[PDB]
Amino acid sequence: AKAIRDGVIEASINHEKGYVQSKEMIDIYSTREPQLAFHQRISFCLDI
Amino acid sequence: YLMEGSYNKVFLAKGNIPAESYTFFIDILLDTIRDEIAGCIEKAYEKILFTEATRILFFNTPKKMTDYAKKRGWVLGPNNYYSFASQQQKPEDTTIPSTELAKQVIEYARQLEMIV
Amino acid sequence: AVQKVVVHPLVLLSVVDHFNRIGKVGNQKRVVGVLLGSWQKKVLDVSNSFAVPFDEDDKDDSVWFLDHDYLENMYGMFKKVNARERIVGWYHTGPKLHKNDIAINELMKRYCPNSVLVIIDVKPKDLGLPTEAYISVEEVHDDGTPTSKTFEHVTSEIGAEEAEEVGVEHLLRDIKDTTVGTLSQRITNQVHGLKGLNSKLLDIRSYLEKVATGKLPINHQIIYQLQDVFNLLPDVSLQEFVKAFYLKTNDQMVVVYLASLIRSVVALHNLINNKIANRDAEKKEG
Amino acid sequence: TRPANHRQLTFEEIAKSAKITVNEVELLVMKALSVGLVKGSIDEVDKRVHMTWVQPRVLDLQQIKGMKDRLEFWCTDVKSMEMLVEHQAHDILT
């Protein structure tokens, strides 16, 4: 429950049945994280 | 134990004090986890009857479940907690990278040709 | 039929110097002249010109005169000095489309089949190119007049020539934002480009002035294209169009990240090439 | 009538507004596409059609108010986005 509260894992729990389901989250590529992994190091390699 | 999702052990420590009273501290400790269970009712749960999440805190059947059930959603129904697990509105945003990235592209162009 | 026009700076200045040489009249005189040149591969060419004597009175402004003897003799001189040079049409100084410029073209259509006109500018200020050319089309259509004729603007640009660029680049000597790198497009079409869209945005706003107050003909042939603008307004942000945009952007900053990674190593090699010029020189010379 | 938001109607809606049966509306809209008064695509399994281009009609002095207004705040988008261009691209060229 706190693992869904604090961020970490997202998906649902069937507390009545027992199983914790989790979706298949692929294509993190289009999601705007690796542009930030770029942008951290673009300006820094320009700094060095 | 408050750091992780250890709830039940903390509420076992609520009453298992060998040292002294600690009453005013375990009453804050009570409210600050009352709104925490009242927070973690808000997942993508299924229907929970009026027994399970009724007994996850410390109550049998007062109107404290009317206080939480009218405080947040998971509405009072026929032995039902209603799941409004939507999480739908916020995605598909091209314009915000088309403003922020529109800044960062020109900021890439500044330290690219202009002497500093 | 006619693709586009090619205008040289020699004739471009060679109208304005005539505006200077008849600028002593003070009151009103329009520079109307004969436009000479070729057209090859359906690309219109403009090389040489002169100006014909012309006067015009304000009362009863349906009267024009071109000295056709002057039209014959000087152009025979121009053919004699240059058999390659020939007629291409005419031009007028064109502030605001004077009214005789519906039958000047019909007056001298017997020389050039597409006797094209060129509107120029004498007071140069805009965010674009103040060079204009129409084309003559006539129409026997359902509406309007039975005898109906309206000019249609063919696009206009300034063609260059390897000969004349020496004199043009010589006569500039003022400012020239060359060294086209990461910044020339940023100003020639990104600072200036959206302001190029500003005027075309504002032009239909200028047609928009007839909501209940402007001119009496209403739409007919104006609103199918306007409906096609909002109809052909582009795709909204829901599709993988979003995800393909993120995809190719996320592909582009791979390449930018690569070359950016190379550049610092290049300048590091350039640093060691300077420390070798430091430590093995300070002990030697002193 | 439908905006540029969806303009995706269904064969039940053609069967409602034209009171003509389900097995004839496709023969209608293939003729509409063959004439070329409309340009769009036809799904059969979800019973919907993605109409894209329509034949442009005439209009009175009321529709130019709406086209006026949709032009109006489209001006300030060009103003607003070009404002970042001249502000952030200021020192790049004088």
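- Determination of this PDB entry was carried out by cryo-EM to a resolution of 4.3 Å, according to the record.

- In the annotation of the PDB entry, chain C is listed under the name 26S proteasome non-ATPase regulatory subunit 7 and assigned to Homo sapiens.
- This entry's official PDB title is "Proteasome-ZFAND5 Complex Z+C state".

- As annotated in the PDB entry, chain A carries the name 26S proteasome non-ATPase regulatory subunit 3 and is attributed to Homo sapiens.

### Description of the interface of chain D and chain B
Here's step 1: Contacts between chain D and chain B engage four residues on the former and seven residues on the latter.
Here's step 2: Its largest share of buried area at the contact with chain B, chain D owes to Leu84, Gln88 and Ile92 of chain D, together 75% of the area lost on that side.
Here's step 3: Our enumeration of links across chain D and chain B arrives at zero salt bridges.
Here's step 4: The tally of links between chain D and chain B comes to one residue pair in polar contact.
Here's step 5: Class assignment for the residues of the side of chain D that touches chain B results in two nonpolar, one polar and one charged.

### Concerning the domain arrangement of chain C
Here's step 1: Under the domain assignment used here, chain C contains domain 1 (2-182) and domain 2 (223-282).
Here's step 2: Taking only C-alpha atoms, the centre of domain 1 of chain C and the centre of domain 2 of chain C are 45 Å apart.

### Digging into the interface of chain C and chain D
Here's step 1: Chain C puts 21 residues into the contact, and the matching count from chain D is 25 residues.
Here's step 2: Regarding the contact of chain C and chain D, the summed buried area is about 2,400 Å², with carbon and sulfur atoms giving 73% of it.
Here's step 3: Along the contact surface separating chain C from chain D lie one salt bridge.
Here's step 4: Between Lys195 of chain C and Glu82 of chain D there is a salt bridge whose closest N-O contact spans 3.6 Å.
Here's step 5: The tally of links from chain C across to chain D stands at three residue pairs in polar contact.
Here's step 6: Looking at the side of chain C that touches chain D, the elements with two or more residues in it are α5 (184-207) and α6 (223-231) of chain C.
Here's step 7: Ranked by the residues each element gives to the side of chain C that touches chain D, the list is headed by α5 of chain C, at ten residues.
Here's step 8: Partitioned by chemical class, the residues of the side of chain C that touches chain D number 13 nonpolar, four polar and four charged.

Scoring rules and cut-offs
Residues numbered from 1 in each chain as written, not as in the entry; some residues may be left out. Chains lettered and ligands numbered in written order. Part of a larger assembly, values for the part shown. Heavy atoms only, no water. Contact = heavy atoms within 4.5 Å. Buried area = accessible area lost by both parts, 1.4 Å probe. Salt bridge = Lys/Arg side-chain N within 4 Å of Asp/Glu carboxyl O. Polar contact = N/O pair within 3.5 Å; in protein donor to acceptor, adjacent residues only side chain to side chain. Nonpolar A, V, L, I, M, F, W, Y, C, P; charged D, E, K, R; others polar. Domains from an automatic or database assignment. Helix = DSSP H or I, 4+ residues; strand = E, 2+ residues; numbered from the N terminus.

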